[PDB]
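Trainee: Please see the structure below; I have some questions.
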Amino acid sequence: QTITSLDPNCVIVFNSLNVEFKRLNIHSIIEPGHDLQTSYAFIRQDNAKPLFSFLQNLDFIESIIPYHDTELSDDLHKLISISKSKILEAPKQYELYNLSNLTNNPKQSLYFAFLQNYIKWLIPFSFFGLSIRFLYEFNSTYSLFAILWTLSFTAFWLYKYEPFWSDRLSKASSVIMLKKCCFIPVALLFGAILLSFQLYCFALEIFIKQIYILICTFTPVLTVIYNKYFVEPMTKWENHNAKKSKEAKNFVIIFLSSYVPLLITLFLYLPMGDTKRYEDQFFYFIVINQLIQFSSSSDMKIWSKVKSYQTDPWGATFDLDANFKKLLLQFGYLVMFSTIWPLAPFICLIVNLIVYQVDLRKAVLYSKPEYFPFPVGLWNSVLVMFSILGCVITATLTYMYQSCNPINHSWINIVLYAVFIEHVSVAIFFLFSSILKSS
Amino acid sequence: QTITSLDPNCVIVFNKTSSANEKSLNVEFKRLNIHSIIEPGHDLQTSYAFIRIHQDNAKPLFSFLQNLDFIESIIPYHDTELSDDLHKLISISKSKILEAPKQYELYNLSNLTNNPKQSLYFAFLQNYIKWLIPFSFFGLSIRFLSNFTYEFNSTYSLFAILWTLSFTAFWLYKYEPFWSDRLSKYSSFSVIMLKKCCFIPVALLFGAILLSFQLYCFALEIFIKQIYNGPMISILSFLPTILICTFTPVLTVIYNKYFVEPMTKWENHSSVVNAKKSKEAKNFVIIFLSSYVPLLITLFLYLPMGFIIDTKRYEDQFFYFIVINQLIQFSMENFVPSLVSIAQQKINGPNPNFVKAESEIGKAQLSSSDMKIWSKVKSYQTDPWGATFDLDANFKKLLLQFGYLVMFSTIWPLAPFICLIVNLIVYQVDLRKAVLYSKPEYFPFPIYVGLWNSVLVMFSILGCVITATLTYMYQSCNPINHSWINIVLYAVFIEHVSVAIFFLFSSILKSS
């Protein structure tokens with residue numbers, strides 16, 4: 001009997017006979033997996049929650065995988081074919097609706113909704129960026145539009161579309177939180193070494209270039225030890241849920257390792273003291289790194305599909321955290337340093353369109369499905385933090401560099417302006433939040 | 001058939017002026033299932049209707065009440081046994097006045113009055129006094145043990161900041177949710193926002209005049225006291241005080257009658273309580289500035305910028321603000337309305353001269369207890385002390401005192417002690433009034449904060465930053481050697497730190 005003709009709907013991976021007789025009421029076919037001890041057991045709604053109830057305590061199963069139906073697979077193929085066109089157009093809203101009805105996966109729905117909203121709000125921002133660029137450095141009008149757009153987009157996402165999206169897709173606590181709070185010192189401890197060596201390598205580089213690799217070598221190592229002895233042991237101590245906690249601790253290293261060199265470059269190298277360095281630096285982190293970080297026979301085909309689900313990391317489970325992390329890093333870079341290069345939202349729009357295409361393809365075609373047809377959190381806070389920080393940073397940068405001691409204002413003025421804009425933006429965001437919450 | 005024999009549980013007053021309308025017989029007909037007595041009231045156009053209301057026939061009564069659209073007001077009168085148990089509760093609070101009353105008395109009160117508003121306000125007051133006890137102990141300890149080094153002591157300032165944040169967080173996230181859930185267990189009887197933001201220019205239009213006038217009178221006071229050679233020099237020193245005390249209420253009247261009311265109609269709050277909270281939020285702008293702007297201008301411009309500035313002047317002001325003005329504000333809400341009522345007899349004794357009031361006994365022949373009930377309802381309806389429990393004004397008072405404490409404790413470390421004592425006596429008086437003299441609101445048997453939390457958080461943050469700034473200003477006290485830039489950046493730094501600490505405490509407590 002061909003397994004495709006059996007029309008499979010889910011797969012069970014095992015390394016025994018107790019489940020072979022267990023499926024005396026559901027038809028199944030057994031076939032060895034990628035490795036000999038593993039074996040892909042293909043299973044064709046009539047069995048309610050009891051399936052998961054007995055698989056929970058069966059304990060002879062390696063993992064649970066909901067496979068795609070044959071007709072459902074053709075439907076997803078048709079969706080990916082429809083999305084194949086419009087490579088240079090805004091993604092259509094009903095595409096998210098169709099995929100949400102077909103695969104019923106909250107994670108993809110939420111991330112792709114965020115991407116579609118980002119692209120749709122980036123179209124006017126990118127069009128405006130082109131218009132100002134060609135009709136240009138640290139222009140006050142661009143910065144005003146930037147802060148307006150940042151506040152509006154963050155408020156609209158966090159209070160208008162997300163409540164519609166997140167709510168529909170879901171359709172010793174104090175001691176634990178204190179243990180999570182115990183990570184405050186170690187985080188700053190490692191961030192201090194990170195910042196110190198970024199400053200060190202920057203100093204040596206500018207000495208070589210002016211008065212006369214390490215970063216790529218240092219940063220990867222620290223994340224290994226910083227997790228090996230600190231992150232996972234302490235999360236085990238927290239004893240949760242746990243997955244989001246690990247990403248919370250890991251983020252501090254990524255934040256500094258990404259934004260730190262350009263921040264210190266602008267804030268220190270130029271005011272203290274080449275003249276064209278900062279544009280090349282921003283091109284390096286707004287174009288270059290963007291592509292780097294982005295970068296029967298049918299029975300055997302289904303077998304290889306399961307194999308690429310288990311192994312083949314591209315076909316592994318959708319990891320919402322990493323995609324959201326890359327998107328929010330790009331959003332950071334955008335709202336924080338777009339005033340130096342008005343075409344930055346344009347590159348961001350092209351990149352986001354391509355990225356939505358490739359991620360849609362990855363999620364729907366090869367990624368391991370997560371949710372059966374029949375029966376967020378930290379990142380929103382990071383988004384709000386990015387909004388406030390980017391608004392303050394762009395306002396302060398424009399204040400210093402309205403005309404390039406190269407700066408016409410004393411450091412007292414810079415700090416006071418920073419505080420002024422910080423409080424104004426904090427008030428503005430709450431205003432927008434309440435206004436859109438009333439809706 | 002006497003009123004006391006009826007033992008009324010509800011008193012229904014109505015505009016009996018339209019006698020031909022005959023709403024009274026309408027109520028009698030609707031009340032075929034229960035018994036009642038209706039007698040003339042305080043005014044010749046008002047007459048009470050004492051009834052005996054119970055759950056099984058509760059809802060149809062209220063249904064007919066709203067369908068009647070003739071009822072002036074409703075009263076959830078406490079019967080004989082309710083009177084007895086509130087009396088024994090008030091006598092128990094009359095004992096052991098020295099000790100801060102236990103939450104057991106609060107549980108009894110929540111059981112008896114079934115009133116969420118009073119229960120919540122008294123819970124806030126009880127937690128306030130309970131957290132004030134250790135603060136008062138620390139205040140006396142720093143005042144005496146450190147001896148002459150009691151002004152702007154670092155340890156006291158740090159304790160003030162930590163205690164402010166801890167008390168605000170604990171009240172917000174540990175006790176308030178419990179009390180809100182307990183009260184809602186009983187729960188007995190978009191363009192709007194845009195216009196509220198459109199009120200912000202109005203809010204700035206007013207209040208700015210207040211601040212300018214306050215600065216005017218501060219300058220005048222300093223001018224008369226320091227550089228002036230008038231013959232009656234001591235006489236003119238009192239002019240700024242009366243000027244302020246006359247401007248603030250007149251400004252309140254202008255703000256209300258010309259801005260607050262028109263704009264709150266302009267918003268058209270469908271919810272009545274939402275409208276009332278909007279009116280109070282608008283009114284808080286004047287109260288905040290008027291109450292706190294003098295000490296701030298003195299401490300931040302008088303001593304720094306400054307003929308020789310009076311060294312003890314800041315304590316001269318703080319003495320009045322946290323010692324005497326406390327008493328003035330406490331008396332204004334307690335004895336002033338009764339004094340006005342008794343002086344109304346002097347001005348025009350029988351100014352309304354309702355003959356029905358005096359001849360009602362002759363026309364009814366009530367017993368002493370029946371007349372007692374009648375007079376109690378009359379006080380409910382007319383006496384200023386008989387109004388419904390106003391959570392708004394009481395919370396405003398308590399939070400004003402709290403703001404004074406958390407923003408100027410670093411000067412007078414015995415301020416927590418006077419706060420402890422005044423809050424103890426205030427709790428006693430308010431409990432007496434709210435369980436024996438205040439208009440009832442919630443029936444025992446059921447029938448089918450917001451702003452102050454936000455202003456409390458704001459008060460905590462402002463108090464923390466101001467205490468820290470003053471400590472940095474005068475612990476090593478142009479008297480100040482430090483640069484103003486350093487102070488202004490220090491302020492925002494500790495603002496950040498306090499916000500972070502508040503977030504940490506909020507998460508830790510709310511996790512439960």
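To be explicit about the labels: the chains of the structure tokens are called A, B, and onward in the order shown, and within each one the residues are counted from 1, while ligands get numbers from 1 in the order they are shown.
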Please return, as a PyMOL selection string, all residues of chain A lying within 9 Å of chain B when only C-alpha atoms are considered.
Mentor: chain A and resi 172-175+177-178+181+412+415-416+419+431+434-439
Trainee: Please produce a file of those selected residues containing N, CA, C and O atoms, as a PDB file, in the first residue's frame.
Mentor:
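After the write, out_30.pdb holds the following:
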ATOM      1  N   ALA A 172       5.452  29.331  43.079  1.00  0.00           N
ATOM      2  CA  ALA A 172       6.552  30.219  43.433  1.00  0.00           C
ATOM      3  C   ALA A 172       6.885  31.156  42.279  1.00  0.00           C
ATOM      4  O   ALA A 172       8.048  31.300  41.906  1.00  0.00           O
ATOM      5  N   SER A 173       5.855  31.790  41.719  1.00  0.00           N
ATOM      6  CA  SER A 173       6.020  32.692  40.584  1.00  0.00           C
ATOM      7  C   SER A 173       6.916  33.871  40.941  1.00  0.00           C
ATOM      8  O   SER A 173       7.762  34.281  40.138  1.00  0.00           O
ATOM      9  N   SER A 174       6.728  34.428  42.140  1.00  0.00           N
ATOM     10  CA  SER A 174       7.569  35.535  42.584  1.00  0.00           C
ATOM     11  C   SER A 174       9.029  35.110  42.667  1.00  0.00           C
ATOM     12  O   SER A 174       9.930  35.849  42.253  1.00  0.00           O
ATOM     13  N   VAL A 175       9.282  33.912  43.196  1.00  0.00           N
ATOM     14  CA  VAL A 175      10.654  33.422  43.297  1.00  0.00           C
ATOM     15  C   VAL A 175      11.236  33.188  41.910  1.00  0.00           C
ATOM     16  O   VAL A 175      12.418  33.451  41.665  1.00  0.00           O
ATOM     17  N   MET A 177      10.451  34.832  39.159  1.00  0.00           N
ATOM     18  CA  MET A 177      10.765  36.138  38.592  1.00  0.00           C
ATOM     19  C   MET A 177      12.002  36.739  39.245  1.00  0.00           C
ATOM     20  O   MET A 177      12.805  37.401  38.580  1.00  0.00           O
ATOM     21  N   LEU A 178      12.175  36.517  40.550  1.00  0.00           N
ATOM     22  CA  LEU A 178      13.370  37.006  41.230  1.00  0.00           C
ATOM     23  C   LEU A 178      14.619  36.299  40.720  1.00  0.00           C
ATOM     24  O   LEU A 178      15.677  36.921  40.577  1.00  0.00           O
ATOM     25  N   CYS A 181      15.458  37.861  37.750  1.00  0.00           N
ATOM     26  CA  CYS A 181      16.081  39.139  38.077  1.00  0.00           C
ATOM     27  C   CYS A 181      17.517  38.960  38.552  1.00  0.00           C
ATOM     28  O   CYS A 181      18.279  39.931  38.599  1.00  0.00           O
ATOM     29  N   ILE A 412      26.292  69.755  27.440  1.00  0.00           N
ATOM     30  CA  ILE A 412      25.120  70.008  28.271  1.00  0.00           C
ATOM     31  C   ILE A 412      23.880  70.114  27.398  1.00  0.00           C
ATOM     32  O   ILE A 412      22.825  69.545  27.709  1.00  0.00           O
ATOM     33  N   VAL A 415      22.800  66.575  26.102  1.00  0.00           N
ATOM     34  CA  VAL A 415      22.138  65.746  27.110  1.00  0.00           C
ATOM     35  C   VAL A 415      20.750  66.294  27.424  1.00  0.00           C
ATOM     36  O   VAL A 415      19.776  65.541  27.563  1.00  0.00           O
ATOM     37  N   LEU A 416      20.640  67.620  27.546  1.00  0.00           N
ATOM     38  CA  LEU A 416      19.347  68.231  27.836  1.00  0.00           C
ATOM     39  C   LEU A 416      18.357  67.980  26.704  1.00  0.00           C
ATOM     40  O   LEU A 416      17.181  67.688  26.949  1.00  0.00           O
ATOM     41  N   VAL A 419      17.105  64.403  26.932  1.00  0.00           N
ATOM     42  CA  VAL A 419      16.075  64.226  27.955  1.00  0.00           C
ATOM     43  C   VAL A 419      14.754  64.832  27.496  1.00  0.00           C
ATOM     44  O   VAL A 419      13.676  64.246  27.690  1.00  0.00           O
ATOM     45  N   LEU A 431      -0.071  58.854  24.654  1.00  0.00           N
ATOM     46  CA  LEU A 431      -1.206  59.507  24.011  1.00  0.00           C
ATOM     47  C   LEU A 431      -1.765  58.644  22.883  1.00  0.00           C
ATOM     48  O   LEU A 431      -2.965  58.338  22.842  1.00  0.00           O
ATOM     49  N   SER A 434      -3.385  55.332  24.201  1.00  0.00           N
ATOM     50  CA  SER A 434      -4.726  55.497  24.745  1.00  0.00           C
ATOM     51  C   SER A 434      -5.733  55.742  23.627  1.00  0.00           C
ATOM     52  O   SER A 434      -6.832  55.167  23.632  1.00  0.00           O
ATOM     53  N   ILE A 435      -5.356  56.575  22.651  1.00  0.00           N
ATOM     54  CA  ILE A 435      -6.273  56.896  21.559  1.00  0.00           C
ATOM     55  C   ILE A 435      -6.650  55.634  20.795  1.00  0.00           C
ATOM     56  O   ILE A 435      -7.826  55.398  20.494  1.00  0.00           O
ATOM     57  N   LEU A 436      -5.663  54.799  20.476  1.00  0.00           N
ATOM     58  CA  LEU A 436      -5.951  53.581  19.732  1.00  0.00           C
ATOM     59  C   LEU A 436      -6.511  52.470  20.612  1.00  0.00           C
ATOM     60  O   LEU A 436      -7.133  51.541  20.089  1.00  0.00           O
ATOM     61  N   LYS A 437      -6.310  52.544  21.928  1.00  0.00           N
ATOM     62  CA  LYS A 437      -6.936  51.586  22.827  1.00  0.00           C
ATOM     63  C   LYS A 437      -8.429  51.846  22.936  1.00  0.00           C
ATOM     64  O   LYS A 437      -9.218  50.911  23.115  1.00  0.00           O
ATOM     65  N   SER A 438      -8.834  53.115  22.838  1.00  0.00           N
ATOM     66  CA  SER A 438     -10.259  53.426  22.856  1.00  0.00           C
ATOM     67  C   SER A 438     -10.991  52.760  21.698  1.00  0.00           C
ATOM     68  O   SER A 438     -12.181  52.446  21.817  1.00  0.00           O
ATOM     69  N   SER A 439     -10.306  52.532  20.582  1.00  0.00           N
ATOM     70  CA  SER A 439     -10.923  51.885  19.429  1.00  0.00           C
ATOM     71  C   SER A 439     -11.218  50.418  19.717  1.00  0.00           C
ATOM     72  O   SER A 439     -12.295  49.917  19.399  1.00  0.00           O
TER      73      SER A 439
END
Trainee: List as number ranges by chain the protein and nucleic acid residues near residue A:375, meaning an atom at most 8 Å away when only C-alpha atoms are counted, but skip any in the same chain fewer than 3 places from it.
Mentor: A: 48-49, 372
Trainee: For the residues in the current selection, export C-alpha atoms as a PDB file, in the first residue's frame.
Mentor:
ATOM      1  CA  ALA A  48      -9.836  13.476  19.842  1.00  0.00           C
ATOM      2  CA  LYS A  49      -7.455  14.665  22.608  1.00  0.00           C
ATOM      3  CA  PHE A 372      -2.957  20.225  13.377  1.00  0.00           C
TER       4      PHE A 372
END
Trainee: Please measure the separation of atom CA of residue A:423 and atom CA of residue A:191, giving the value in Å to one decimal.
Mentor: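 Straight-line distance from atom CA of residue A:423 to atom CA of residue A:191 works out to 26.4 Å.
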Trainee: Identify, with DSSP run on backbone atoms, the residues in stretch 187-217 of chain B assigned to alpha helix (DSSP H), and express the list as a list in words.
Mentor: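 For stretch 187-217 of chain B, the alpha helix (DSSP H) set is residues 191, 192, 193, 194, 195, 196, 197, 198, 199, 200, 201, 202, 203, 204, 205, 208, 209, 210, 211, 212, 213, 214, 215, 216 and 217 of chain B.
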Trainee: Got time to write the residues from that selection, C-alpha atoms, as a PDB file, in the first residue's frame?
Mentor:
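Result saved to out-v3.pdb:
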ATOM      1  CA  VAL B 191     -13.834  60.456  19.808  1.00  0.00           C
ATOM      2  CA  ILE B 192     -14.250  61.123  23.550  1.00  0.00           C
ATOM      3  CA  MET B 193     -10.541  60.492  24.061  1.00  0.00           C
ATOM      4  CA  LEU B 194      -9.625  62.781  21.157  1.00  0.00           C
ATOM      5  CA  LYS B 195     -11.585  65.632  22.734  1.00  0.00           C
ATOM      6  CA  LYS B 196      -9.895  64.938  26.078  1.00  0.00           C
ATOM      7  CA  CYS B 197      -6.571  65.492  24.326  1.00  0.00           C
ATOM      8  CA  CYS B 198      -8.172  68.599  22.827  1.00  0.00           C
ATOM      9  CA  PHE B 199      -8.718  69.611  26.453  1.00  0.00           C
ATOM     10  CA  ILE B 200      -4.941  69.637  27.023  1.00  0.00           C
ATOM     11  CA  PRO B 201      -4.565  73.120  25.444  1.00  0.00           C
ATOM     12  CA  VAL B 202      -7.401  74.238  27.739  1.00  0.00           C
ATOM     13  CA  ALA B 203      -5.614  72.694  30.731  1.00  0.00           C
ATOM     14  CA  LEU B 204      -2.499  74.649  29.794  1.00  0.00           C
ATOM     15  CA  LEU B 205      -4.539  77.805  29.137  1.00  0.00           C
ATOM     16  CA  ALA B 208      -0.508  78.915  33.762  1.00  0.00           C
ATOM     17  CA  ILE B 209      -2.306  81.955  35.148  1.00  0.00           C
ATOM     18  CA  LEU B 210      -2.311  80.218  38.532  1.00  0.00           C
ATOM     19  CA  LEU B 211       1.450  79.655  38.405  1.00  0.00           C
ATOM     20  CA  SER B 212       2.152  83.221  37.278  1.00  0.00           C
ATOM     21  CA  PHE B 213       0.022  84.593  40.118  1.00  0.00           C
ATOM     22  CA  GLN B 214       1.785  82.328  42.621  1.00  0.00           C
ATOM     23  CA  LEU B 215       5.141  83.628  41.411  1.00  0.00           C
ATOM     24  CA  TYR B 216       3.750  87.162  41.660  1.00  0.00           C
ATOM     25  CA  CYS B 217       2.766  86.771  45.309  1.00  0.00           C
TER      26      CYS B 217
END
Trainee: Go through A:157, A:95, A:147, A:136 one by one, measure the shortest atom-to-atom distance of each to residue A:433 using only C-alpha atoms, and give the residue with the smallest value.
Mentor: A:157
Trainee: Near residue B:284, within 12 Å and counting only C-alpha atoms, which residues show up once chain neighbours fewer than 4 positions away are dropped, as a PyMOL selection string?
Mentor: chain B and resi 203+206-207+252+255-256+260+277-280+288-292+392-393+395-397+399-400+451-452+455
Trainee: Print the selection's residues with N, CA, C and O atoms to a file, as a CSV table (one decimal), in the first residue's frame.
Mentor:
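To be explicit, this is the file written out as selection.csv:
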chain,number,residue,atom,x,y,z
B,203,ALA,N,-6.3,72.9,29.5
B,203,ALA,CA,-5.6,72.7,30.7
B,203,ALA,C,-4.4,73.6,30.9
B,203,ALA,O,-4.0,74.0,32.0
B,206,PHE,N,-5.5,77.4,31.3
B,206,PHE,CA,-5.7,77.7,32.7
B,206,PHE,C,-4.5,77.1,33.4
B,206,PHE,O,-3.6,76.4,32.8
B,207,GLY,N,-4.3,77.4,34.7
B,207,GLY,CA,-3.2,76.9,35.5
B,207,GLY,C,-1.9,77.7,35.3
B,207,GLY,O,-1.2,77.9,36.2
B,252,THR,N,-10.9,78.4,41.0
B,252,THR,CA,-11.7,77.1,40.9
B,252,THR,C,-13.1,77.3,40.3
B,252,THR,O,-13.5,76.6,39.5
B,255,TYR,N,-12.8,78.2,36.5
B,255,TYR,CA,-12.5,76.9,35.8
B,255,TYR,C,-13.6,76.0,35.7
B,255,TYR,O,-14.0,75.6,34.6
B,256,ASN,N,-14.3,75.7,36.8
B,256,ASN,CA,-15.5,74.8,36.7
B,256,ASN,C,-16.5,75.4,35.8
B,256,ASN,O,-16.8,74.9,34.7
B,260,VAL,N,-14.6,73.5,32.8
B,260,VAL,CA,-14.7,72.1,33.1
B,260,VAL,C,-16.1,71.5,32.7
B,260,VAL,O,-16.2,70.5,31.9
B,277,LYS,N,-15.2,61.3,36.7
B,277,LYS,CA,-13.7,61.2,36.8
B,277,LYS,C,-13.0,62.1,35.9
B,277,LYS,O,-12.0,62.6,36.2
B,278,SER,N,-13.7,62.5,34.7
B,278,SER,CA,-13.1,63.5,33.9
B,278,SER,C,-13.1,64.8,34.5
B,278,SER,O,-12.1,65.6,34.5
B,279,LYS,N,-14.2,65.2,35.2
B,279,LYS,CA,-14.3,66.5,35.8
B,279,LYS,C,-13.2,66.6,36.9
B,279,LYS,O,-12.6,67.6,37.1
B,280,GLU,N,-13.1,65.5,37.7
B,280,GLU,CA,-12.1,65.5,38.8
B,280,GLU,C,-10.6,65.6,38.2
B,280,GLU,O,-9.8,66.3,38.8
B,288,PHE,N,-3.2,70.6,42.2
B,288,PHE,CA,-1.7,70.2,42.3
B,288,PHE,C,-0.9,71.4,42.3
B,288,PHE,O,0.0,71.6,43.1
B,289,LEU,N,-1.1,72.3,41.3
B,289,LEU,CA,-0.2,73.5,41.2
B,289,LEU,C,-0.3,74.4,42.4
B,289,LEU,O,0.7,74.9,43.0
B,290,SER,N,-1.6,74.7,42.8
B,290,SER,CA,-1.8,75.6,43.9
B,290,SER,C,-1.2,75.0,45.2
B,290,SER,O,-0.6,75.8,46.0
B,291,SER,N,-1.3,73.7,45.4
B,291,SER,CA,-0.8,73.1,46.7
B,291,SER,C,0.7,73.0,46.7
B,291,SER,O,1.3,73.3,47.7
B,292,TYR,N,1.3,72.6,45.6
B,292,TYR,CA,2.7,72.3,45.6
B,292,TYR,C,3.7,73.3,45.0
B,292,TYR,O,4.9,73.3,45.3
B,392,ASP,N,-13.9,60.5,45.8
B,392,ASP,CA,-13.1,61.4,45.0
B,392,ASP,C,-12.3,62.4,45.9
B,392,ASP,O,-11.1,62.5,45.9
B,393,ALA,N,-13.1,63.1,46.7
B,393,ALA,CA,-12.5,64.2,47.5
B,393,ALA,C,-11.6,63.6,48.6
B,393,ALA,O,-10.5,64.1,48.9
B,395,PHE,N,-9.9,60.7,48.6
B,395,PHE,CA,-8.7,60.2,48.0
B,395,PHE,C,-7.8,61.4,47.6
B,395,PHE,O,-6.6,61.4,47.7
B,396,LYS,N,-8.4,62.5,47.1
B,396,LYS,CA,-7.7,63.7,46.8
B,396,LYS,C,-7.0,64.2,48.0
B,396,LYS,O,-5.8,64.6,48.0
B,397,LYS,N,-7.7,64.3,49.2
B,397,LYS,CA,-7.1,64.7,50.4
B,397,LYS,C,-5.9,63.9,50.8
B,397,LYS,O,-4.8,64.3,51.1
B,399,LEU,N,-4.1,61.7,49.1
B,399,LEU,CA,-3.0,61.8,48.2
B,399,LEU,C,-2.3,63.1,48.2
B,399,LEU,O,-1.1,63.2,47.9
B,400,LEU,N,-3.0,64.2,48.5
B,400,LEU,CA,-2.3,65.5,48.7
B,400,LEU,C,-1.3,65.4,49.9
B,400,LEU,O,-0.2,65.8,49.8
B,451,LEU,N,-8.0,56.8,37.9
B,451,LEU,CA,-7.2,58.0,38.0
B,451,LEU,C,-6.3,58.1,39.2
B,451,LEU,O,-5.1,58.5,39.0
B,452,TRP,N,-6.8,57.8,40.4
B,452,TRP,CA,-6.0,58.0,41.6
B,452,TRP,C,-4.9,57.1,41.6
B,452,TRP,O,-3.8,57.4,42.2
B,455,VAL,N,-2.3,58.9,39.5
B,455,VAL,CA,-1.7,60.1,40.2
B,455,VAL,C,-0.9,59.7,41.4
B,455,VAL,O,0.0,60.4,41.8
Trainee: Can you list, as a list in words, every protein, DNA or RNA residue that comes within 12 Å of residue A:382 when you count only C-alpha atoms, leaving out same-chain residues fewer than 3 positions away?
Mentor: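 Surrounding residues, per the criterion: residues 154, 158, 247, 248, 251, 252, 255, 321, 324, 325, 327, 328, 329, 331, 332, 376, 377, 378, 379, 385, 386, 387, 388, 389 and 390 of chain A.
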Trainee: Mind checking which residues fall within 10 Å of stretch 14-27 of chain A, counting only C-alpha atoms, ignoring those fewer than 4 positions away in the same chain, and posting them as a PyMOL selection string?
Mentor: chain A and resi 6+8+32-33+35-44+46-47+51+54-55+58-64
Trainee: Would you list the contacts of residue B:310 as a PyMOL selection string, taking every protein, DNA or RNA residue within 9 Å and counting only C-alpha atoms, but skipping same-chain residues closer than 4 positions in sequence?
Mentor: chain B and resi 226+303+314
Trainee: Output C-alpha atoms for every residue in that selection, as a CSV table (one decimal), in the first residue's frame.
Mentor:
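Result written to out-v2.csv:
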chain,number,residue,atom,x,y,z
B,226,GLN,CA,13.4,91.9,52.6
B,303,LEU,CA,17.5,79.7,48.5
B,314,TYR,CA,11.8,76.9,54.0
Trainee: Taking 2 positions as the minimum chain separation for residues in the same chain, which residues sit within 10 Å of stretch 125-133 of chain B when counting only C-alpha atoms? Answer as a PyMOL selection string.
Mentor: chain B and resi 100-103+106+119-123+135-139+163-164+166-168+170-171+175+394-395+398+402+416-417+419-424+426-427
Trainee: Compare B:448, B:105, B:11, B:246 by their minimum atom-to-atom distance to residue B:188, counting only C-alpha atoms, and give me the closest one.
Mentor: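 Answer, going by the shortest atom-to-atom distance: B:448.
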